[PDB]
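Chemist: Following this message is one structure expressed as structure tokens.
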Amino acid sequence: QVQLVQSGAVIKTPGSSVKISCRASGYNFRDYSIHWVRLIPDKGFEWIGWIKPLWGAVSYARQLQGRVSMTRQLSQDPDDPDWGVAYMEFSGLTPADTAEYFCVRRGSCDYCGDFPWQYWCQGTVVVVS
Amino acid sequence: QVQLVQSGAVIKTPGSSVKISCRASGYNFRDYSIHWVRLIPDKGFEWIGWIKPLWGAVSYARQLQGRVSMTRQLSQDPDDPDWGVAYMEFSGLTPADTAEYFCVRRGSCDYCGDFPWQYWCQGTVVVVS
Amino acid sequence: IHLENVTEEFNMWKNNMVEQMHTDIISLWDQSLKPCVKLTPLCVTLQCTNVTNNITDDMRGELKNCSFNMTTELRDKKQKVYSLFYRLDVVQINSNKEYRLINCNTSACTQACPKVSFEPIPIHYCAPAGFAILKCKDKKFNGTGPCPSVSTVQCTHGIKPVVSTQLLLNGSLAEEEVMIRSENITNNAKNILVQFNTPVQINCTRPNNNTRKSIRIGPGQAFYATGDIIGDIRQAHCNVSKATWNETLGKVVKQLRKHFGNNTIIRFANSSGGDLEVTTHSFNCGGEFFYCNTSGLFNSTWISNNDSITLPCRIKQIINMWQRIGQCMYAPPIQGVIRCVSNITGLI
Amino acid sequence: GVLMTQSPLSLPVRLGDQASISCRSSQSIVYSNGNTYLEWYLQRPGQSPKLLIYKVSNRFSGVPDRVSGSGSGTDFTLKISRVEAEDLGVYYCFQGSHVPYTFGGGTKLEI
Amino acid sequence: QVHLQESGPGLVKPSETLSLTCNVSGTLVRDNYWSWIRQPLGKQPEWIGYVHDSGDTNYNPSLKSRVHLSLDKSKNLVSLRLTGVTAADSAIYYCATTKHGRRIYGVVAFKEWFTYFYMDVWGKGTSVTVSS
Amino acid sequence: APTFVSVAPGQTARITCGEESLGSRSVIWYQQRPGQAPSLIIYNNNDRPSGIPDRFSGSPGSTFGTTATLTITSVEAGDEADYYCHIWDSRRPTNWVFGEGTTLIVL
Ligand SMILES: *[C@@H]1O[C@H](CO)[C@@H](O[C@@H]2O[C@H](CO)[C@@H](O[C@@H]3O[C@H](CO)[C@@H](O)[C@H](O[C@H]4O[C@H](CO)[C@@H](O)[C@H](O)[C@@H]4O[C@H]4O[C@H](CO)[C@@H](O)[C@H](O)[C@@H]4O)[C@@H]3O)[C@H](O)[C@H]2NC(C)=O)[C@H](O)[C@H]1NC(C)=O
Ligand SMILES: *[C@@H]1O[C@H](CO)[C@@H](O[C@@H]2O[C@H](CO)[C@@H](O[C@@H]3O[C@H](CO[C@H]4O[C@H](CO)[C@@H](O)[C@H](O)[C@@H]4O)[C@@H](O)[C@H](O[C@H]4O[C@H](CO)[C@@H](O)[C@H](O)[C@@H]4O)[C@@H]3O)[C@H](O)[C@H]2NC(C)=O)[C@H](O)[C@H]1NC(C)=O
Ligand SMILES: *[C@@H]1O[C@H](CO)[C@@H](O[C@@H]2O[C@H](CO)[C@@H](O[C@@H]3O[C@H](CO)[C@@H](O)[C@H](O)[C@@H]3O)[C@H](O)[C@H]2NC(C)=O)[C@H](O)[C@H]1NC(C)=O
Ligand SMILES: *[C@@H]1O[C@H](CO)[C@@H](O[C@@H]2O[C@H](CO)[C@@H](O[C@@H]3O[C@H](CO)[C@@H](O)[C@H](O)[C@@H]3O)[C@H](O)[C@H]2NC(C)=O)[C@H](O)[C@H]1NC(C)=O
Ligand SMILES: *[C@@H]1O[C@H](CO)[C@@H](O[C@@H]2O[C@H](CO)[C@@H](O[C@@H]3O[C@H](CO)[C@@H](O)[C@H](O)[C@@H]3O)[C@H](O)[C@H]2NC(C)=O)[C@H](O)[C@H]1NC(C)=O
Ligand SMILES: *[C@@H]1O[C@H](CO)[C@@H](O[C@@H]2O[C@H](CO)[C@@H](O)[C@H](O)[C@H]2NC(C)=O)[C@H](O)[C@H]1NC(C)=O
Ligand SMILES: *[C@@H]1O[C@H](CO)[C@@H](O[C@@H]2O[C@H](CO)[C@@H](O)[C@H](O)[C@H]2NC(C)=O)[C@H](O)[C@H]1NC(C)=O
Ligand SMILES: *[C@@H]1O[C@H](CO)[C@@H](O[C@@H]2O[C@H](CO)[C@@H](O)[C@H](O)[C@H]2NC(C)=O)[C@H](O)[C@H]1NC(C)=O
Ligand SMILES: *[C@@H]1O[C@H](CO)[C@@H](O[C@@H]2O[C@H](CO)[C@@H](O)[C@H](O)[C@H]2NC(C)=O)[C@H](O)[C@H]1NC(C)=O
Ligand SMILES: *[C@@H]1O[C@H](CO)[C@@H](O[C@@H]2O[C@H](CO)[C@@H](O)[C@H](O)[C@H]2NC(C)=O)[C@H](O)[C@H]1NC(C)=O
Ligand SMILES: *[C@@H]1O[C@H](CO)[C@@H](O[C@@H]2O[C@H](CO)[C@@H](O)[C@H](O)[C@H]2NC(C)=O)[C@H](O)[C@H]1NC(C)=O
Ligand SMILES: *[C@@H]1O[C@H](CO)[C@@H](O[C@@H]2O[C@H](CO)[C@@H](O)[C@H](O)[C@H]2NC(C)=O)[C@H](O)[C@H]1NC(C)=O
Ligand SMILES: *[C@@H]1O[C@H](CO)[C@@H](O)[C@H](O)[C@H]1NC(C)=O
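Protein chains in written order, with the deposited numbering: chain q, 1 to 129; chain Q, 1 to 129; chain C, 84 to 141, 150 to 185, 187 to 309, 312 to 321, 321A, 322 to 398, 411 to 453; chain L, 1 to 111; chain M, 1 to 82, 82A to 82C, 83 to 100, 100A to 100R, 101 to 111; chain N, 6 to 9, 11 to 67, 67A to 67C, 68 to 95, 95A to 95C, 96 to 107.
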């Protein structure tokens, strides 16, 4: 199986920084990309960025640079190499940033492209005072 | 070669217990069974039982169960795997039990089956007061 | 495919391809160990005590809480750490009472890696180009003597490897009847394979609840010791059904009386003795090895005219399979209450 | 043998209701290419037995759209959605993987 | 209708063989499990233990040596003897009945169960005073 | 030592007592009226005997690693008594002494 567990929803004051940890398990974490996407109410989806955990190579959307940061943490043991953690840190909060955020993975088939996602985290609600 | 050494003869009081250690060397002891046979004067031969030294799987004659017991001791070293010890414990003595005891091994050839023996210990006299 | 007007004598006893499989499985069994940890730094002085439990004077506990010095990742510092062990893995070196491990006076030991599993899987053997595999397809066929309806095949059917001494598990079912097979039944030194038809379901469990606890021995080393036991210290056991077992003995007595005369008393008894894992019967249930007393089945006699059976087990952690001179295998403890369901299919 | 175990034999089925006749084989009936050859028979007292289905699913030419076979491995169940008076009588299973083939015992539909 | 009645000497010198009695009502001495419990002033009670006819004579391992319980089938009483009264012995003492119960949690054949006890009714007490 | 269980009448009181649990247990709750003898109120983990009043609910004894509690609702002036727990843990040995007293005073 492929499992993606996020953290819980959170109240945050305006102008703070928010950390969201997407934890993946059930596959070799060093192989696939982790993308972050947001759903704002009454806007449609909006892409945010992606990370490759093999070296932590990141890339961001244009209209959110200087505000987002991505880190990762691998499993370093010969027993349980599967699980991986990807942290998102999101700063410069506005009340427009109240939305729900999703971590996703590339679809596992070989003919599947880079963007069409298969597995989805349960979604995290971020709400700004 | 195959060598089989027993212990010495013994005077024993009636109703006691006796122990006989048949020692084998010259072959891989983890492979062949060890049988025990007795010679009573004016009775002919008589089978007693057998042991497989790999796990101590024993089997006894019916008319001596509850009285006899068998143990084995392997060689646990990477240099001398060959030598092995079998112990017989024989209890519930009568003066009819005064006889001569032999430890034997199956013949080494492929087609010769389980029972026709080849090698023989030098025999031990057990004499009951 | 099939073949007609054809008769071949077979043999199971002087057959090959079983002589190489006992070499193949051992040689493959060794390969899944050499990439794993050695236990040179763990053969060390132990300081043991009884686990917290209402202990009796006559009856005895079966878990020992032991503390010991151990190295760190660094070489200068050391640490004190504790675990739980069974009675069958410590011996008393000789006020105080300090123990040691059992296998340390003969061989250093290999921890198996907890990532790999020991569960059975189907294996299909196949013959290369220039050979063939014949298969007897007879109903009534005692395994020795000419089979009258052979059929060739490219590869064998599903062959799973299990490990068990008495009461072989997940076997192949008989077709209609119950069949006994042997080499020479008037001889006794050869075993007697009994293969019956209706499988006896067996439940086996350990109700205790474990916790594993990682201890770093050095760089990249992890000794998975047993942590704390939550709940009631209970004994692992197995259940079988009473009526199904009383029935399946009634079938095999009817089958056994064909070779021995109709007027014969047949009775059953516990095993005569020896080492541990031939008196009881052993198996692996999801990564842990049992040794379970089977006096509760073979207590019978047979005249020539809702309940269940529980039977209690013991758990060793180090095994010494195939009685190899330089070998042992510390098994890793596994989490949670554990059980498994199987089909007793044949006897030996 | 590869003898079929029919379950159940007798099914007194009222007119208009469903019916389910299962067979269980001793082995898998997988033919050496991938296409198992299963067959389901008719029988009335006084007629020769004739075929309804010749596959897991694909049916004999001339058989109406109420009889269906399904299953896998060993378990293979026939399902008739609406039962008429023609459906009464003995049904069977049949194998096609390897010779000799085995018939079952015979499953009677009644009222 | 059950109640008990304790009686002791009342004023006790130290290093003295104490003795106590307990009168019954309705239920005789043969019928039920009996128990003696002590309690110091302002303290938790101390279950000294229980007794019954035919070999049910378990004691507290705290005292374990200087205490011996007794019965009275003739007069139908329950009695007690203590040896060597100390200064900490000043406590109100309770004769009482108790009822059994088998708490089962595992398999019965493997002795995975235990017996618990609980006092249903109580007595009145007698403040045994240790003093010169 | 006396834990103060000052509660308003009509409310819910929760009395904790004893050692943190290890195995499966069986708890007994008593009470001690001032100047009088003891009296049982709860005999199993969640069972009260006949004739006793209700509204004394007990926690189930299968919880592993908690302290034995006792739930009272709608207290009064007659309920003024000291309390005692008496646990029977299936791992620890036989308890030859009761718990520590949790006195109950009504507002
Ligand atoms: C193999 O076969 C054997 C033989 O049949 C099986 O052994 C039986 O095992 C079961 C459970 O494993 C056991 O059942 C007990 O029954 C008791 C009497 O009914 C119950 O009192 C008890 O359950 C209570 O205890 C648990 C642990 O404390 C609680 O979690 C549970 O909720 C129950 O507790 C309630 O009741 C108490 C009463 O005071 C109360 O305090 C609690 O708060 C709660 O309200 C057990 O379930 C049988 O007695 C065993 N023996 C027999 C002959 O059946 C074995 O299970 C089989 N194994 C397999 C794998 O099949
Ligand atoms: C005789 O034949 C029978 C039939 O196969 C065997 O029974 C099976 O035994 C295996 C191994 O003992 C069992 O496999 C284990 O099942 C556990 C239960 O999980 C099941 O149920 C959950 C809940 O629905 C599902 O999510 C899950 O997919 C299973 O269907 C699993 O928890 C086990 O996984 C554990 O081990 C792996 C090892 O890599 C770990 O990575 C996991 O994290 C986890 O800890 C495992 O999958 C199987 O369930 C048994 N079958 C049945 C029907 O119960 C007998 O074992 C065999 N006899 C002998 C002696 O071997
Ligand atoms: C096996 O033996 C070890 C011996 O060290 C046990 O570990 C120790 O267990 C005691 C309790 O028996 C712990 O003491 C308690 O600690 C807590 C918190 O510190 C405190 O609140 C208590 O009052 C009491 O002092 C001790 O901490 C613990 N030490 C360590 C290092 O774990 C262990 O419990 C035994 N295992 C089993 C299963 O019995
Ligand atoms: C087959 O059944 C027989 C009959 O019960 C078993 O014999 C019995 O075995 C037990 C354990 O070996 C003996 O118990 C005693 O235990 C004490 C414990 O210290 C020990 O000191 C004694 O020397 C003895 O070992 C019991 O005495 C014995 N029965 C008789 C009549 O001697 C036998 O063990 C069973 N077979 C198997 C494989 O279990
Ligand atoms: C901890 O385990 C000990 C094991 O000895 C338990 O002590 C024993 O408890 C029984 C009551 O179940 C005592 O009485 C005996 O009962 C049988 C059945 O009626 C009776 O026939 C006997 O004559 C005997 O009276 C037994 O004397 C007692 N043994 C000892 C040495 O104290 C103890 O109850 C257990 N405690 C806990 C908290 O689990
Ligand atoms: C710890 O276990 C040991 C060994 O089991 C206990 O020592 C003896 O155990 C036997 C059988 O359990 C009893 O018959 C003896 O009476 C025990 N000897 C003593 C001096 O008690 C030991 O009691 C256990 N407990 C502790 C606290 O050490
Ligand atoms: C772990 O190592 C320590 C350090 O040596 C041991 O503590 C010493 O033990 C010896 C023998 O028992 C005593 O003579 C010393 O006095 C102890 N040292 C100190 C500072 O007290 C300890 O015994 C080892 N084992 C365990 C289980 O802790
Ligand atoms: C297995 O079956 C074969 C033939 O079905 C048996 O072989 C014959 O057995 C009879 C009596 O058992 C003898 O009179 C014949 O001489 C045997 N023929 C041969 C060629 O051996 C065989 O004995 C059976 N084995 C067992 C163990 O039942
Ligand atoms: C064995 O012990 C573990 C200890 O963690 C139990 O796991 C806990 O189960 C409870 C019950 O739902 C959960 O609330 C906890 O969150 C669990 N702990 C963890 C760390 O996940 C486990 O349930 C026990 N086994 C059984 C059969 O009860
Ligand atoms: C072994 O355990 C399995 C667990 O599923 C048992 O199967 C079920 O047992 C319950 C008993 O409470 C029955 O009510 C169910 O009908 C059983 N399931 C099925 C599909 O039959 C099984 O009975 C156990 N076997 C033994 C011998 O105890
Ligand atoms: C296997 O189970 C049997 C059945 O309980 C055990 O035999 C009992 O052993 C005790 C002593 O340990 C004796 O007091 C009983 O009399 C025995 N029962 C019978 C019917 O003889 C046997 O000990 C168990 N196996 C092992 C290795 O302990
Ligand atoms: C043990 O043998 C039984 C035979 O009765 C197997 O049970 C049947 O298995 C088939 C194939 O998996 C199923 O279609 C049937 O529904 C099963 N019957 C029942 C009553 O469950 C069983 O699978 C075998 N294995 C185990 C682990 O029990
Ligand atoms: C290892 O120690 C055990 C315990 O005394 C002993 O029985 C065994 O003989 C020892 N091993 C060797 C090879 O001496």
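Note that the Cβ used here is the ideal one computed from N, Cα and C, for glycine as well.
1. Helix, strand or coil, according to DSSP, for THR372/C in the structure here?
2. Could you tell me the alpha carbon to alpha carbon distance between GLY42/M and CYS23/N, rounded to whole angstroms?
3. What ranges does the beta strand (DSSP E) occupy inside the segment 8-81 of chain L, keeping only unbroken runs of at least 3 residues that lie completely in it?
4. Could you list which residues in chain N have their beta carbon closer than 8 Å to that of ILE326/C, in chain order?
5. Looking only at its own chain, which residues have a Cβ that is under 6 Å from the Cβ of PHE176/C, when we skip the five neighbours before and after it?
6. Would you verify that the beta carbon of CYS205/C is, or is not, closer than 8 Å to some beta carbon of chain q?
7. Would you check if there are 3 or more beta carbon pairs closer than 8 Å linking the segment 1-20 of chain M to the segment 17-29 of chain L?
8. Is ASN363/C near ligand 4, in the sense that its beta carbon is under 7 Å from a heavy atom of that ligand?
9. Going along chain C, which residues have a C-beta under 8 Å from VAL99/L?
10. Is the beta carbon of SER241/C within less than 7 Å of some heavy atom of ligand 8?
11. Assuming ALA88/M and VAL107/M form a contact by the criterion Cβ under 8 Å, report the distance between their Cβ atoms to the nearest whole angstrom.
12. Got a list of residues with beta-carbon closer than 6 Å to any non-hydrogen atom of ligand 9, in chain order?
13. Say whether chain M places a C-beta atom closer than 8 Å to the C-beta of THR415/C.
14. For ligand 5, is there any heavy atom lying closer than 7 Å to the beta carbon of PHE100K/M?
15. Could you tell me which chain C residues have their CB closer than 7 Å to the CB of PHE100G/M, listed as they occur along the chain?
16. Taking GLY69/L as the query, report the chain C residues whose CB atoms sit under 7 Å from its CB, ordered along the chain.
17. Check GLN44/M in the structure and name its three-state DSSP category.
18. Quick one: using the 10 Å Cβ neighbour count with 16 as the cut-off for buried, is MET100P/M buried or exposed?
19. Identify the continuous alpha helix (DSSP H) that holds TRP112/C and give its terminal residues.
20. If you measure from each CB to the nearest heavy atom of ligand 8 and keep those under 6 Å, what residues do you get, in chain order?
21. Compare the C-beta of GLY55/M with all C-beta atoms of chain C and state if any pair is closer than 8 Å.
22. Have a look at the DSSP bridge pairing and note the partners of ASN23/M.
23. Which chain q residues are close to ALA319/C, counting only those with a beta carbon under 8 Å from its beta carbon?
24. Please classify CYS112/q as buried or exposed, where buried requires at least 16 neighbouring CB atoms within 10 angstroms.
25. I'd like the span of the beta strand (DSSP E) that includes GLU267/C, first residue to last.
26. Can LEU261/C be considered in contact with ligand 2, in the sense that its beta carbon sits closer than 7 Å to one or more heavy atoms?
27. What do you reckon, is the C-beta of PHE159/C under 7 Å from a heavy atom of ligand 7?
28. In chain order, what are the residues with a CB under 6 Å from some non-hydrogen atom of ligand 11?
29. Taking any heavy atom of ligand 6 as the mark, which residues have a C-beta closer than 6 Å to it, listed down the chain?
30. Taking the continuous alpha helix (DSSP H) assigned at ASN133/C, which residues delimit it?
31. What first and last residue would you give for the alpha helix (DSSP H) that runs through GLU340/C?
32. Going by alpha carbons, who is nearest to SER111/M out of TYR100M/M, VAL82C/M, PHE100G/M and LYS64/M?
33. Beta carbon of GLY67/N: closer than 7 Å to some heavy atom of ligand 4?
34. Under three-state DSSP, which class holds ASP97/q?
Modeler: According to the data block:
1. Position 279 of the third sequence, counted from the start, is the residue given in the question as residue 372/C. Look at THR372/C here: in three-state DSSP terms it is helix.
2. Working through the fifth sequence from its first residue, we reach residue 42/M at position 42. Working through the sixth sequence from its first residue, we reach residue 23/N at position 17. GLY42/M and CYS23/N: Cα-Cα distance of roughly 17 Å.
3. The segment 8-81 of chain L contains these whole beta strand (DSSP E) runs: 10-12, 19-24, 39-41, 51-54, 67-72 and 75-80.
4. In the third sequence, counting from the first residue as 1, residue 326/C sits at position 233. Under the 8 Å cutoff, chain N gives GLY29 and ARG94.
5. Start at 1 with the first residue of the third sequence, and residue 176/C comes out as number 85. Excluding sequence positions up to five before and after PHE176/C, its CB lies within less than 6 Å of the CB of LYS155 and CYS157, all in the same chain and listed in chain order.
6. Sequence index remark: in the third sequence, residue 205/C carries index 113 (1-based). Chain q, which has a Cβ nearer than 8 Å to the Cβ of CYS205/C, makes this yes.
7. Fewer than three pairs of CB atoms, one per stretch, sit closer than 8 Å, so the segment 1-20 of chain M makes no contact with the segment 17-29 of chain L.
8. Your numbering for residue 363/C matches position 270 in the third sequence. Flag set: Cβ of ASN363/C near ligand 4.
9. The residue you call residue 99/L lines up with position 99 of the fourth sequence. Per Cβ cutoff of 8 Å: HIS85.
10. Walking along the third sequence from the start, residue 241/C turns up at place 149. Between ligand 8 and the CB of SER241/C, the shortest heavy atom gap is not smaller than 7 Å.
11. Stepping through the fifth sequence from its first residue, residue 88/M is reached at position 91. Stepping through the fifth sequence from its first residue, residue 107/M is reached at position 128. Contact between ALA88/M and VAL107/M holds, with the beta-carbon distance rounding to 7 Å and staying under 8 Å.
12. The set, ordered by position in the chain, is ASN301/C, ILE323/C, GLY441/C and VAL442/C.
13. Position 310 of the third sequence, counted from the start, is the residue given in the question as residue 415/C. By this cut-off, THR415/C is an interface position.
14. Here residue 100K/M refers to the residue found at position 114 when the fifth sequence is read from its first residue. For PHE100K/M, the CB falls within less than 7 Å of some heavy atom of ligand 5.
15. By 1-based counting over the fifth sequence, the position of residue 100G/M is 110. Residues of chain C passing the Cβ test: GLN328 and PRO417.
16. Residue mapping note: residue 69/L aligns to position 69 of the fourth sequence, counting from 1. From the beta-carbon of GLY69/L, no residue of chain C is found nearer than 7 Å; the closest lies around 25 Å away.
17. Here residue 44/M refers to the residue found at position 44 when the fifth sequence is read from its first residue. Reduced to three states, the DSSP call for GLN44/M is coil.
18. By one-based count along the fifth sequence, residue 100P/M stands at place 119. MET100P/M should be labelled buried.
19. Counted from its first residue, the third sequence places residue 112/C at position 29. For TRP112/C, the enclosing alpha helix (DSSP H) starts and ends at 104-114.
20. Chain-ordered, the residues whose CB falls short of 6 Å from any heavy atom of ligand 8 come out as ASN234/C, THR236/C, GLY237/C, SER274/C and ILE277/C.
21. Looking up residue 55/M in the fifth sequence gives position 55. Chain C has no Cβ within less than 8 Å of the Cβ of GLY55/M.
22. As a working mapping, residue 23/M is identified with position 23 in the fifth sequence. Beta-bridge pairing links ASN23/M to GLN5/M and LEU77/M.
23. Residue numbering aside, residue 319/C sits at position 225 when the third sequence is read from its first letter. Result: empty, since nearest Cβ-Cβ is about 14 Å, beyond 8 Å.
24. Position 112 of the first sequence, counted from the first residue, corresponds to residue 112/q. Exposed, since its Cβ has fewer than 16 Cβ neighbours within 10 Å.
25. The sequence position of residue 267/C within the third sequence is 175, counting from 1. From DSSP, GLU267/C is part of no beta strand (DSSP E); its letter is neither H nor E.
26. Residue mapping note: residue 261/C aligns to position 169 of the third sequence, counting from 1. Yes - ligand 2 has a heavy atom lying nearer than 7 Å to the Cβ of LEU261/C.
27. As a working note, residue 159/C is residue 68 in the third sequence. Within the chosen limit of 7 Å, ligand 7 reaches the beta carbon of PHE159/C through at least one heavy atom.
28. Residues flagged by the Cβ proximity filter: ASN386/C and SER388/C.
29. Listed along the chain, these residues meet the criterion: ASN133/C, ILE138/C, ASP140/C and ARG151/C.
30. Within the third sequence, the letter at position 50 stands for residue 133/C. Unbroken run through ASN133/C is the beta strand (DSSP E), 129-133; no alpha helix (DSSP H).
31. Counted from its first residue, the third sequence places residue 340/C at position 247. DSSP places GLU340/C inside the alpha helix (DSSP H), whose first and last residues are 335-349.
32. Position 132 of the fifth sequence holds residue 111/M. Sorting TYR100M/M, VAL82C/M, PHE100G/M and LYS64/M by C-alpha distance to the C-alpha of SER111/M places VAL82C/M at the top.
33. Numbered from 1 along the sixth sequence, position 61 holds the residue referred to as residue 67/N. For ligand 4, not one heavy atom lies less than 7 Å from the Cβ of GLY67/N.
34. Position 97 of the first sequence, counted from the first residue, corresponds to residue 97/q. For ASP97/q, the three-state secondary structure derived from DSSP is helix.
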